[PDB]
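S.K.: Dumping the structure here so I can ask a few things about it.
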Amino acid sequence: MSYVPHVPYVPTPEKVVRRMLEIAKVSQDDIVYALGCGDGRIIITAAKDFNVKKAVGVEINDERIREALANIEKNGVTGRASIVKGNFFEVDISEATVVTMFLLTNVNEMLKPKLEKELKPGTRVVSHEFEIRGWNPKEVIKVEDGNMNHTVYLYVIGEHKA
């Protein structure tokens with residue numbers, strides 16, 4: 001009666017997201033801008049626990065568009081968590097002090113140097129498991145749970161290469 005459907009997508013444990021917030025040093029006075037929401041679990045755990053100042057999820061979908069809205073009410077984190085639809089190009093994240101990335105796309109544009117112009121220096125950027133080429137991370141650690149492992153890279157705007 002459960003898990004009957006063909007091997008469906010399984011989101012990573014909230015623990016993974018939790019580590020991403022800790023390293024980013026997200027404080028109640030710091031906002032969180034993430035484009036990997038896909039349900040708001042990324043920003044909801046922030047406002048819900050980290051009491052972030054302002055949490056916003058960037059994404060555009062149809063069926064999943066209503067899911068994220070629902071997840072906000074479920075955790076009663078309205079006002080602190082929101083979803084913005086459109087093209088990342090159209091919107092701006094320069095106002096964001098803390099940002100994270102989590103995409104399942106194997107190959108896509110990174111636009112690393114763009115961040116140096118969009119995001120002000122001192123901004124915190126966290127990548128999923130794929131490290132940023134050309135850039136030097138500030139803190140890199142791994143997490144093991146069961147028989148799996150995850151790696152998270154933290155970067156800081158203002159200084160790259162070395």
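Ordering of the structure tokens sets the chain letters (A, B, ...), residue numbers begin anew at 1 in every chain, and ligands are numbered from 1 in the order given.
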Enumerate as a PyMOL selection string all residues of segment 2-160 of chain A assigned to strand (DSSP E or B) by DSSP on the backbone, naming them with the chain letters and numbers the document uses.
M.R.: chain A and resi 32-34+55-58+81-84+98-100+124-127+139-145+148-156
S.K.: Applying 7 Å and only C-alpha atoms, which residues near residue 100 of chain A remain after dropping the ones on its own chain fewer than 6 positions away? List them as a list in words.
M.R.: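 My reading of the contact set: residues 33, 34, 125, 126 and 127 of chain A.
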S.K.: Would you list the contacts of segment 4-18 of chain A as an mmCIF file with N, CA and C atoms, in the first residue's frame, taking every protein, DNA or RNA residue within 9 Å and counting only C-alpha atoms, but skipping same-chain residues closer than 5 positions in sequence?
M.R.:
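Contents of out-v4.cif, as written:
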```
data_model
loop_
_atom_site.group_PDB
_atom_site.id
_atom_site.type_symbol
_atom_site.label_atom_id
_atom_site.label_comp_id
_atom_site.auth_asym_id
_atom_site.auth_seq_id
_atom_site.Cartn_x
_atom_site.Cartn_y
_atom_site.Cartn_z
ATOM 1 N N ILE A 23 26.942 26.093 7.735
ATOM 2 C CA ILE A 23 28.192 26.566 7.145
ATOM 3 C C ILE A 23 28.021 27.959 6.549
ATOM 4 N N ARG A 41 11.291 23.022 1.096
ATOM 5 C CA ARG A 41 11.962 22.366 2.212
ATOM 6 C C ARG A 41 13.317 23.021 2.473
ATOM 7 N N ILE A 42 13.836 23.694 1.454
ATOM 8 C CA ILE A 42 15.131 24.363 1.564
ATOM 9 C C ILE A 42 15.023 25.648 2.397
ATOM 10 N N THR A 45 12.995 25.051 6.298
ATOM 11 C CA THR A 45 13.821 24.608 7.419
ATOM 12 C C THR A 45 14.616 25.773 7.990
ATOM 13 N N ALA A 46 14.811 26.794 7.170
ATOM 14 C CA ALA A 46 15.541 27.961 7.615
ATOM 15 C C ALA A 46 14.649 28.816 8.512
ATOM 16 N N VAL A 143 29.617 14.327 4.725
ATOM 17 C CA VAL A 143 28.681 13.753 5.672
ATOM 18 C C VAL A 143 28.337 12.341 5.234
ATOM 19 N N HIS A 150 27.798 12.647 1.302
ATOM 20 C CA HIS A 150 27.501 13.917 0.661
ATOM 21 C C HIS A 150 28.601 14.926 0.966
ATOM 22 N N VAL A 152 29.740 19.151 0.708
ATOM 23 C CA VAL A 152 29.226 20.510 0.555
ATOM 24 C C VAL A 152 30.370 21.513 0.476
#
```
S.K.: Just the residues within 6 Å of residue 32 of chain A, please, counting only C-alpha atoms, with nothing from its chain fewer than 5 positions along; format it as an MDAnalysis selection string.
M.R.: chainID A and resid 55 98:99
S.K.: Have a look at atom CA of residue 35 of chain A and atom CA of residue 58 of chain A and let me know their distance in Å, one decimal.
M.R.: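 If I compute the distance from atom CA of residue 35 of chain A to atom CA of residue 58 of chain A, I get 4.3 Å.
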S.K.: Hey, what's within 8 Å of segment 106-123 of chain A if we count only C-alpha atoms and toss same-chain stuff fewer than 5 positions away? As a ChimeraX atom specification, please?
M.R.: /A:92-99,132,156-159
S.K.: Looking at A:82, A:24, A:142, A:147, which one is nearest to residue 68 of chain A, with distances taken over only C-alpha atoms?
M.R.: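 Once distances to residue 68 of chain A are computed over only C-alpha atoms, the minimum belongs to A:82.
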S.K.: Between A:104, A:27, A:137, A:47, single out the one closest to residue 162 of chain A, counting only C-alpha atoms.
M.R.: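 Of A:104, A:27, A:137, A:47, the one nearest residue 162 of chain A, counting only C-alpha atoms, is A:137.
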S.K.: Ranking A:144, A:90, A:30, A:39 by minimum distance to residue 67 of chain A and counting only C-alpha atoms, which one comes first?
M.R.: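 Of A:144, A:90, A:30, A:39, the one nearest residue 67 of chain A is A:39, counting only C-alpha atoms.
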S.K.: DSSP on the backbone, alpha helix (DSSP H) only: what residues of chain A does that give? Format it as a ChimeraX atom specification.
M.R.: /A:14-24,41-45,63-74,112-118
S.K.: As an exercise, work out the distance from atom CA of residue 59 of chain A to atom CA of residue 84 of chain A in Å and give it to one decimal place.
M.R.: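 It comes out at 6.2 Å.
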S.K.: Hey, what's within 7 Å of residue 28 of chain A if we count only C-alpha atoms and toss same-chain stuff fewer than 4 positions away? As a ChimeraX atom specification, please?
M.R.: /A:50-53
S.K.: So how many Å separate atom CA of residue 151 of chain A and atom CA of residue 44 of chain A, to one decimal?
M.R.: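 Between these atoms lies a distance of 21.6 Å.
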S.K.: Have a look at A:153, A:2, A:101, A:161 and name the one nearest to residue 134 of chain A; count only C-alpha atoms.
M.R.: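 Closest candidate: A:161.
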S.K.: Using only C-alpha atoms, find the one residue out of A:64, A:124, A:80, A:138 that sits nearest to residue 38 of chain A.
M.R.: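 Ranking A:64, A:124, A:80, A:138 by distance to residue 38 of chain A, first place goes to A:64.
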S.K.: Find, counting only C-alpha atoms, the residue in A:1, A:65, A:83, A:21 that gets nearest to residue 128 of chain A.
M.R.: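 Nearest to residue 128 of chain A: A:21.
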